[PDB]
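Below: the structure, in structure tokens.
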Amino acid sequence: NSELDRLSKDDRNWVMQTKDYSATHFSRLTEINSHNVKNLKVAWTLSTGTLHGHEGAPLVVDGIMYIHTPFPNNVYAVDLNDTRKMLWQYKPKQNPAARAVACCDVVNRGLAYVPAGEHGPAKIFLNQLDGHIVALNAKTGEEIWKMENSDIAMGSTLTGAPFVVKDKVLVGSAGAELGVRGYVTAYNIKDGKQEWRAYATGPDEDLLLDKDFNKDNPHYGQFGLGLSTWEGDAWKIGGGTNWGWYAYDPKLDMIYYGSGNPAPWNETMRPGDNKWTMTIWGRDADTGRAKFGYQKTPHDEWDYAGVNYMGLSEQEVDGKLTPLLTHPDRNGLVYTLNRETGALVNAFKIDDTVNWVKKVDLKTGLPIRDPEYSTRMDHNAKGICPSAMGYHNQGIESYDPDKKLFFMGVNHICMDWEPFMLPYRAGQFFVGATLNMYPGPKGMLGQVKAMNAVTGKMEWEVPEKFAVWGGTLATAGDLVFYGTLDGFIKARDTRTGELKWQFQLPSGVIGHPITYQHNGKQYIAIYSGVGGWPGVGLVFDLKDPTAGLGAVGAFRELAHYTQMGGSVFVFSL
Amino acid sequence: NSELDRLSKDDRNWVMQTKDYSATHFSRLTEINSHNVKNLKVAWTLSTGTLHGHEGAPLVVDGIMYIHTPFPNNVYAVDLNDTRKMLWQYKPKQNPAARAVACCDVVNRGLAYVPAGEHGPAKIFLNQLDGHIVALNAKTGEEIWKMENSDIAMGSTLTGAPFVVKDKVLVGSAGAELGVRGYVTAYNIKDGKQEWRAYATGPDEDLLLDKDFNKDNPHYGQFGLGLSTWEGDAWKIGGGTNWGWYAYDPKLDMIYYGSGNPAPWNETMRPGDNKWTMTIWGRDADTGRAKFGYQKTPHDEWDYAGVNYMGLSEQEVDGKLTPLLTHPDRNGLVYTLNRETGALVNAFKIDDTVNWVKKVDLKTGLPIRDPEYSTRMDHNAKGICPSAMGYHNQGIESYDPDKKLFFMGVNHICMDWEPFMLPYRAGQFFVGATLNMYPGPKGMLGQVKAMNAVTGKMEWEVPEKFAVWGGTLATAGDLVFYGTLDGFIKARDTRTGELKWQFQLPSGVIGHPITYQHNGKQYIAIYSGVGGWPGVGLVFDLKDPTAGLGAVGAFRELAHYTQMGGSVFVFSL
Amino acid sequence: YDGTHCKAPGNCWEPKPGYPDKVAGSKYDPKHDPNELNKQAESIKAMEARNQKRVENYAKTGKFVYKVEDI
Amino acid sequence: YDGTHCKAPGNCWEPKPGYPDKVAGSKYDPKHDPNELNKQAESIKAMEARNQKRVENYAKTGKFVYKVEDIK
Ligand SMILES: O=C(O)c1cc(C(=O)O)c2c(n1)C(=O)C(=O)c1cc(C(=O)O)[nH]c1-2
Ligand SMILES: O=C(O)c1cc(C(=O)O)c2c(n1)C(=O)C(=O)c1cc(C(=O)O)[nH]c1-2
Ligand SMILES: [Ca+2]
Ligand SMILES: [Ca+2]
């Protein structure tokens, strides 16, 4: 959507969760910098009126902030000239049973927006937990249309944010822990009419492939693999949901995103490479046809769900300027690909302690597995790095084009893992593994790192008490902002990683900060309201260290620092 | 408790909800003042982990802040040298049914504290919604003892803060809307052993009267009136619960507090003065025996529950310095009495629009009624001022001894009222009246006022969009601080009422601000989390204007500004 | 009824125009059930009795116990 | 199983030492009910049918209606 793209270049706006189509999460605003950020103070705050995990972040379009909420996913609009008053609201009626088929808290990653409009007036888009994609009037809050995407009876929900491209809105999927077979769907913004729908497993027509699929990298594999990498009809419940983020290149007219983990977690119950789970996709916008697809983790054994964000950039590869995508996976590897051909440019460990793979052979594209850290029936694998939470999760990260550095919030969590046999029944959980999680070899749970994605050169690395979950925001003031699970927002110098400012929020942060300028002054905003997977112990009052899919034990001390909350904080000089 | 009294008198502590035994809510601290409050900023915040209304405010003793919470009334202790970490916690297990028998949101008005002495370690006291009084170790949060005060099966709960005097802790009562006969109880703090219990109605032995009860004003009434001002056994279920605040004069060894409204609201069902509901009590500390008792609202017809705070001061009455209590009742009158003899000194309207009463006759102490604004069966009374929410409610107000001025948050609400017949059933509501509320003759719902309690002279008056519900804090910096229902904390100049400062909190405020010095620096703290009676509409999602005991209608617009929340905000320079 | 005419000190109630002196047997008879009226008093007796066992136990053993069946 | 030995492009899975090539009829036969496997896709077709009913109604009348039993 060219008009949406143009709107994102206005520093008054923050028009999508990823800030822009390249998902840079970078602002050129320099009013707030390393030199004065010590003087940063709270300007105003809003309560969301709910608890549990608050992921994503507000949108700002036309001097109007848009706020979303975990289940039941309430939506509020605020006039930035009257921050106390609620301009409009939308309060969904959803079957509360939806709560029961969410693996890792009832989080929701936020609103999308499209301007007017041959389709016509500007619209806010919301994915509800109960599986609906809803279109609202951006100005009035009136419900324009509402469609069924996912069925909670099948254990299928929505948590990932909708994504606007041209006159279409893409809706992902969730529930691989309940054996949901992944699929992404494009709806016409005017009608709600389904245009195309691509699955992550099965026959080639369901995958929605182009005739030239992976013609530039035929060793990635091409046709029939959605079937032939499974035994029998195993693919019908074979995971590959996509509940993460998208990227878009208008010149190439291509959408980028990753598909999730195979089902179940019990690898012995699904022999084969399990394509096309764990795959980096490059699909044509209008038809949804995949031009390339690269499987990062063939035959997943660790729940390294390949859904993390897609950061586009243009950098030199052997002296040649190249359109790229950079993508830090759960498996602990940072992938950089040519976003035109899908060619592997680099794949390096985000942290050297990653041990499920020795290295990725860039020529064959294959990750060389270390059998010592595999998983299998009748065995309890110990000391696997990363754990199922990964060395990186759902946080959107940031890119400074002048430094050519990606700034990321990192997890340092490892695990024990043993599978067990289980049946599949539509509507029931279909995990099939018992986990125990704990800090990685360096003793800490969190890190923040700055890196060149082409070389893998770490410019700096710092520790954090807990995993940095919510992503980052970088600015031309030489600062990177992020929230922590124990309830801080922090600013570090992007050259050195030095801490330059921090404020104690009410609750932990699992979303990203945003920035915008309103009436000539720069602002920083963030959600405070801990939850998500690291907070399942705290949120649902769990005791057993292997509960919450193994997360409870790892994050036992989190509740020593933070309760649940739900608020929007806004800072300024 | 002489030690508790002393602690209340250095400004590093906030040892009781009322700050000190005279409920001055006045601080000598001047670091923050009218000339620099412009620069006040947020220092740090905490999330409470719950929603619904947050009444009362934290305590600060010996470098520790103590936090409390609406149902299930969680308690947290926080070291002021480490504001991110929670020192200890107490998470009560209560019967969820307790929610069902709370009239006006599941609020709780706070912790009390006693120092170590002979009983012996220092203790934190908590009243739970489910009718338990609990004693906690102030340093470790360990449960020391726990007693049953009130039975929720009878519609009897607890919402008022415990009150420590000498080696006893006072526990009130709640549930007059459910036909609960009021009683206050003194427990020994070492043991939890009941020392005495005084009822608000019935035989004189149950009322705990001294042999010289009202000897200074026998025209108030004396003996037998707890029975003879009722018809038959109607006193057995006749209200008078006390869920408000207390005051204490160590020199006279007397406790002061007001008993609440009679039941039912249907006045026709309970002919008689209904003593001793609606009464200013002066009781002996050790024995609980009343020296005086003045009924403010004989035969209540409006639910003017007489439980509001008592503020002790010493001012000249006709040239002679006199020990006083000042008391802004729900009925819209401000009572000032001699706190030794119980003699009535003055009783002026807090706003001239009060119409249920023409005037109080100071020599007889009787309120001369205006029949035009009475209530009665088979009549719908229109335009009564104040409404049942009163021109003043549960907020603890403040007193500047230098200026001889009280500073109060005021309500400007009026009502329609028709009663209806209904049976009494233990465990069921026992209200029997339909109400509709609206703003008073002046278009506003709220006010802030400064007044001389002896003369009645208004110093200044300013409007407020909503009722000012949470009380006030005044300081020697010439500032009065308060919170608003639409979600602000505000500071005004005490000499003029000029607005000096304002910050947008996440959610509305129904408790008071506190201030304290920690490590040489002055802080301001307050709860943010709307609820209580004014918030019942948005909290429980009601639409019918007469629902929420007639609050929903008048406060329909409240949700336009604020959602529920739950957090502590701390400000500093 | 203006609140000023008093049978006795502290007792000034009067019926309103058209209303009775006593509601017993009138149109506005509350007709209270004696058994329901007694339930608060009995409930309170039980609470005080359980509390007493908690105190006597606590004084005797030096260790507090809330549940009376464990005492 | 190091992931390197590929029977075809994109197909490099091998069983681990001591584990079967096919799980059918083995220790670890998942033994899935075909009827349970097919429920996801059956549910999606139902949704797409209700969705198309909502679209065509929105197109003809110009007023959106979610409840299909209220659609002519
Ligand atoms: O397979 C799935 O469908 C699915 C869904 C979700 C979700 O809905 O948030 C998560 C995951 N997987 C997952 O693997 C994971 O680690 C995770 C973390 C979170 C969170 O709240 O931060 N969601 C999810
Ligand atoms: O007589 C009673 O038992 C009783 C209890 C309470 C309560 O529990 O807070 C209130 C009242 N009455 C009352 O009359 C009233 O206006 C009121 C306001 C509030 C509040 O939290 O805002 N509670 C109560
Ligand atoms: Ca997953
Ligand atoms: Ca009441």
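What FRET efficiency do you get for B:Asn137 and A:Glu143 if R0 is 41 Å and r is their Cβ-Cβ distance, rounded to the nearest 0.05?
Result of the calculation: an efficiency of 0.15.
Under a cut-off of 20 Å between alpha-carbon atoms, report the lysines in cross-link reach of B:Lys236, not counting same-chain residues fewer than 8 places apart.
Cross-link targets: B:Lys275, C:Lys22, C:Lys31, C:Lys39, C:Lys45.
Out of all Cα-Cα pairs in segment A:165-256, roughly what percent, to the nearest whole number, are more than 24 Å apart?
27 percent
Take the alpha-carbon positions of segment A:356-414, form their convex hull, and give its projected area averaged over all directions (one quarter of the hull surface) in nm².
That works out to 6.0 nm², a quarter of the Cα hull's surface.
When Cβ neighbours within 10 Å are restricted to other protein chains, what is their mean count per residue of peptide A:217-223?
Partner-chain Cβ atoms within 10 Å, mean over residues of A:217-223: 3.
Among B:512-521, B:407-416, A:369-378, A:193-202, what's the highest-first ranking by average C-beta atoms within 10 angstrom per residue?
By packing density, highest mean first, the sequence is B:407-416, A:193-202, B:512-521, A:369-378.
From the label point of B:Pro423, set 7 Å from Cα along Cα→Cβ, how far away are the matching label points in the other copies, in nm, ordered shortest to longest?
In ascending order, 5.1 nm.
Roughly how tilted is helix D:39-61, in degrees to the nearest 10 and between 0 and 90, from the longest Cα axis of chain D?
Between the helix axis and the principal axis of chain D, the angle is about 30 degrees.
Between C:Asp70 and B:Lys91, what is the label-to-label distance in nm when each label sits 7 Å out along the Cα-to-Cβ direction?
Label-label distance for C:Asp70 and B:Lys91, simple model: 1.9 nm.
Ordered shortest first, which distances in nm separate the 7 Å Cα→C-beta label point of A:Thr83 from those of the other copies?
List, nearest first: 1.8 nm.
Please give the calculated 222 nm ellipticity per residue for chain B, where each DSSP H segment of at least 4 residues contributes -39500 (n - 2.57) and the sum is spread over every residue; nearest 500 deg cm²/dmol?
-500 deg cm²/dmol
Dividing the alpha-carbon radius of gyration of segment A:505-573 by 2.2 N^0.38 Å (N being the number of residues), what value is obtained?
Taking the Cα Rg and dividing by 2.2 N^0.38 Å, one obtains 1.39.
Would you calculate the separation in nanometres between label points at B:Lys215 and C:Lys22, each defined as 7 Å from the Cα along the Cα-to-beta-carbon direction?
With each label placed 7 Å out from Cα toward Cβ, I get 3.7 nm.
Rank by packing, highest mean first: peptides A:6-13, A:440-447, A:166-173, with packing defined as the count of other Cβ atoms within 10 Å averaged across residues.
A:166-173, A:440-447, A:6-13
What's the whole-number percent of alpha carbon pairs in segment B:26-106 lying beyond 16 angstrom?
Value for segment B:26-106: 65 percent of Cα pairs lie more than 16 Å apart.
If the limit is 22 Å between Cα atoms, which of A:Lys19/A:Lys166; B:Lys291/B:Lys449; A:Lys543/B:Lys146; A:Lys193/D:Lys72 go over it?
From the list (A:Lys19/A:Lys166; B:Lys291/B:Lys449; A:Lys543/B:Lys146; A:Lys193/D:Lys72), the Cα-Cα distance tops 22 Å for B:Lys291/B:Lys449; A:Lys543/B:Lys146.
What order, most packed first, do the peptides B:318-328, B:24-34, B:288-298 have when packing is the mean number of other Cβ atoms within 10 Å of each residue?
B:288-298, B:24-34, B:318-328
Test of understanding: express the Cα radius of gyration of the protein assembly as shown as a ratio to 2.2 N^0.38 Å, with N the residue count.
For the protein assembly as shown, the normalised Cα radius of gyration is 1.01.
Just to confirm the numbers: B:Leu252, label point 7 angstrom along the Cα-Cβ line, distances to the other copies in nm, shortest first?
Between copies, matching label points for B:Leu252 lie 8.4 nm apart.
Take the alpha-carbon centre of segment B:1-50, take the same for segment B:333-376, and report the distance between them in whole Å.
For segment B:1-50 versus segment B:333-376, the Cα centre distance is 33 Å.
Need one number: the % of Cα-Cα pairs in chain A sitting beyond the 44 Å mark.
Cα-Cα pairs in chain A separated by more than 44 Å: 8 percent.
Between segment C:1-67 and segment B:208-242, how far is it from one alpha carbon centroid to the other, in angstrom?
Taking the Cα centre of segment B:208-242 as reference, the centre of segment C:1-67 is 12 Å away.
Can you pull a Stokes-Einstein diffusion coefficient for chain C at 20 °C (1.002 mPa s), Rh from Kirkwood over Cα pairs, as a whole number of µm²/s?
D = 126 µm²/s.
What does the charge count around A:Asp303 come to, taking other residues whose C-beta lies under 14 Å from its C-beta (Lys +1, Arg +1, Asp -1, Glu -1)?
-4
Using a Förster radius of 22 Å, what is the FRET efficiency between C:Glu48 and B:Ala100 based on their Cβ-Cβ separation? Nearest 0.05, please.
0.35
Across peptide B:556-567, how many C-beta atoms of other chains are within 10 Å of each residue C-beta, on average?
That works out to 6 on average.
Let me know the mean shielding of B:494-502 by other chains, meaning the per-residue number of their Cβ atoms within 10 Å of its Cβ.
Counting Cβ atoms of other protein chains within 10 Å of each residue's Cβ and averaging gives 0.
Report the Cα centroid-to-centroid distance between segment B:99-124 and segment A:388-462 in angstrom, as an integer.
Cα centroid of segment B:99-124 versus Cα centroid of segment A:388-462: 44 Å apart.
Every number here is computed from the coordinates shown, using simple stated rules; none is lab data. Note that each Cβ is placed from the backbone with ideal geometry, even for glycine, and that neighbours are counted across all protein chains shown.
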